[PDB]
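Structural description and commentary
Each chain is listed here by its residues.
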Amino acid sequence: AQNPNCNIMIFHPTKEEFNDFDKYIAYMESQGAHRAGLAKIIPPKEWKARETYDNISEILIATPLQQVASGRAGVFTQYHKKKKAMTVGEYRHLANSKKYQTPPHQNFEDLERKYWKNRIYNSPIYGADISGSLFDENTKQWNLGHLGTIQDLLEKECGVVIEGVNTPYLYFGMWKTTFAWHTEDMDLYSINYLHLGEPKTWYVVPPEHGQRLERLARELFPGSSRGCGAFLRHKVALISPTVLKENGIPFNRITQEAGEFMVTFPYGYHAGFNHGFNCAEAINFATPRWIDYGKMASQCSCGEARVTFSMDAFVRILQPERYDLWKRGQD
Ligand SMILES: O=C(O)CNC(=O)C(=O)O
Ligand SMILES: [Mg+2]
Ligand code: NI
Ligand SMILES: [Zn+2]
């Protein structure tokens, strides 16, 4: 069995290997990359996402989110307080202000220590989930707006044509902006490209061990767990690496830098934080191997998770027994 310890693997495809996206995902899986839940892909030196980032300041962040924490430093939830609209240029200035800027630090490990010690005492503002793309239309390789759609994959595997669309999303981050522990909708893959700026640190639980994380979360967030049998779908709970190690939960960590892709694999729980002002692009995708994960994915039906239009068909076709309850939670 490849990668039996479920380590995060790092790949360096050549320009020739960068042509066929699906083939390369399958290659990484042949080497056991999915066992980690997360892989890094460093593009060939010949590749670029676009020519420059000099002209992005007028992008609008319609609903910046202030991420307010509750709990203790290693075990907390965050809620998202909506803020007034601002441009990317305005947000960048805000990220660089004394109130929000990255502190002095020695290295990524010192900054990680500072994040976990201090995150709860601040409320950073995240420009998340903005429909759009920064790939040039002429970038033909690993262009996250030109991937095969999940609707087409389901149709190719299962024969059923479905409604829905699959487009990318932009994330503008600052120091301490945080992504809570989650798997993707319908336990899909995700791919994330860090276009510019400061790094993003990731934590990940191997898919084979995801239920260990779920059981810890139920213990640590006992009110939330009574509320909803899949409350990690709410994407609000954080657990630090120190707490995970104290509780024996298998996980790994890695820092993504500008110019690098990360891929999350079906049912790979992940969480993390941004180091400073940055911009990422991410989208969900599927492969044939996903279908069995999609059929078994948990679902939130309490009302909280509320998701895209295109999840309807995935539930309806892959999980018909759960569909009526789930759709009630959507309404
Ligand atoms: O970058 C972020 O805030 C969150 N991204 C992801 O969870 C992802 O790409 O799957
Ligand atoms: Mg602009
Ligand atoms: Ni994700
Ligand atoms: Zn719920």
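Residues numbered from 1 in each chain as written, not as in the entry; some residues may be left out. Chains lettered and ligands numbered in written order. Heavy atoms only, no water. Residues with missing side-chain atoms left out of burial classes, pairs and counts.

Structure determination for this PDB entry is given in the record as X-ray crystallography, at a resolution of 1.3400 Å.

Looking at unusual backbone geometry
In this model, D129 sits at a positive phi of 60°, which is unusual for a non-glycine residue. Overall, the relative accessible area of 51% leaves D129 in the exposed class. Despite not being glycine, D187 has its phi angle at roughly 50°, a positive value. Residue placement: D187 occurs in the loop between β9 (178–182) and β10 (189–197). (Buried < 20%, exposed > 50% of the residue type's maximum accessible area, 1.4 Å probe, protein only. Helix = DSSP H or I, 4+ residues; strand = E, 2+ residues; numbered from the N terminus.)

As for the packing of aromatic side chains
Within this structure, the stated rule accounts for 31 aromatic pairs. Ring plane angle 45° and centroid distance 4.5 Å describe the contact between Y193 and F261, whose orientation is recorded as tilted. Here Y193 is found in strand β10, whereas its partner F261 is found in strand β14 (residues 261–264), with 68 residues between them in sequence. Like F261, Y193 is buried. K99 extends its terminal NZ or CZ atom over the ring of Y100, reaching a point 5.7 Å from the ring centre. (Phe/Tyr/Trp six-rings, centres within 6.5 Å; stacked < 30°, edge-to-face > 60°. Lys NZ or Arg CZ within 6 Å of the ring centre and 35° of its normal.)

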